[PDB]
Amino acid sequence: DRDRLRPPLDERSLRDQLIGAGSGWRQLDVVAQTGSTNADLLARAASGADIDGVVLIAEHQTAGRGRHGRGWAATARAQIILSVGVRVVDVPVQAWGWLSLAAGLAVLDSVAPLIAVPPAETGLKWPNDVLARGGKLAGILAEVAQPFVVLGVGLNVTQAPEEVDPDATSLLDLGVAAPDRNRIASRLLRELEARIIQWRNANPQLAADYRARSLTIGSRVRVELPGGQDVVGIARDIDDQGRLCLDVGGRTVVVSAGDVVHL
């Protein structure tokens, strides 16, 4: 059973590795349990905390939140569940969508080398679902608390799909025999720091790297839009606002938000 593969995080070691000269992370806490790490960081910002470069990791999360008012499920120590704060006020608002795409890229790049063979449908589903073998390996949620965005990552490490969602997968289920969450969390946060810096500086490599890992671009898709309408087309590109560009029988439709199904 998977619980024998879920030792606790080592908070001291993470701080040792991630906080100090050369690193932009300013604070890191591991809590045993909370409702929602995104909610917690937002609440800190709401009461005046400077949450830029602040990391909050929860071993367990009981009232997790997904995009568009959905949920996120977890069992204790089975995921890496974290939120970070990012000051965004210095960047034009039209570019903030790319911060969420950057986070997906970082999560993917941090775990991709751990999988034995790269199986089909492994990469990013727009916006930033991390997929492996067509299963959802991580979900990312970005929320605003001016002058910040809070980025939240739920990454299935040993999480069983029946525990959370039938379309989920985990590093364990992909063949990582003994995943080390301290190693993985450190890699994730180092990748994320670089991608946040690229985003802040409008580095073209961010969009290029996102395209290189996109499962959505080039695919026939059905996109379920907020408001409950569907559009079926072929995904062609992402624009400068991080929006999905669809070819719908020769007519272009640009979507800011939606649920993508690869057909």
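Each form is matched to the other, and the largest set of C-alpha atoms that superpose within 1.5 Å is called the rigid core. Heads up: residue numbers just count along the shown sequence, starting at 1.
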Figure out for me whether 75 to 83 or 121 to 129 is the more displaced stretch in 8 other deposited structures of this protein, taking RMS C-alpha distance from the shown form once the rigid core is superposed. 121 to 129
For the C-alpha atoms alone, is the average B factor greater in 213 to 221 or in 227 to 235, going by the entry? 227 to 235
Using only C-alpha atoms and the B-factors in the entry, which stretch averages higher, 94 to 102 or 162 to 170? 162 to 170
In terms of recorded Cα temperature factor, pick the maximum from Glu143, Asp129, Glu121, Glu193. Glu121
Looking at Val88, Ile184, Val176, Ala74, which one carries the largest C-alpha B-factor according to the PDB entry? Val176
In terms of its chain's C-alpha B-factors, the third that includes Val153 is the lowest
Looking at the C-alpha B-factor of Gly139, is it in the lowest, middle or highest third of its chain? lowest
What third of the chain, by the recorded C-alpha B-factor, contains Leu14? middle
Ordered by C-alpha B-factor within the chain, which third holds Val84? Give me lowest, middle or highest, please. lowest
For the chain shown, is the CA B-factor of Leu189 in the lowest, middle or highest third of its modelled residues? lowest
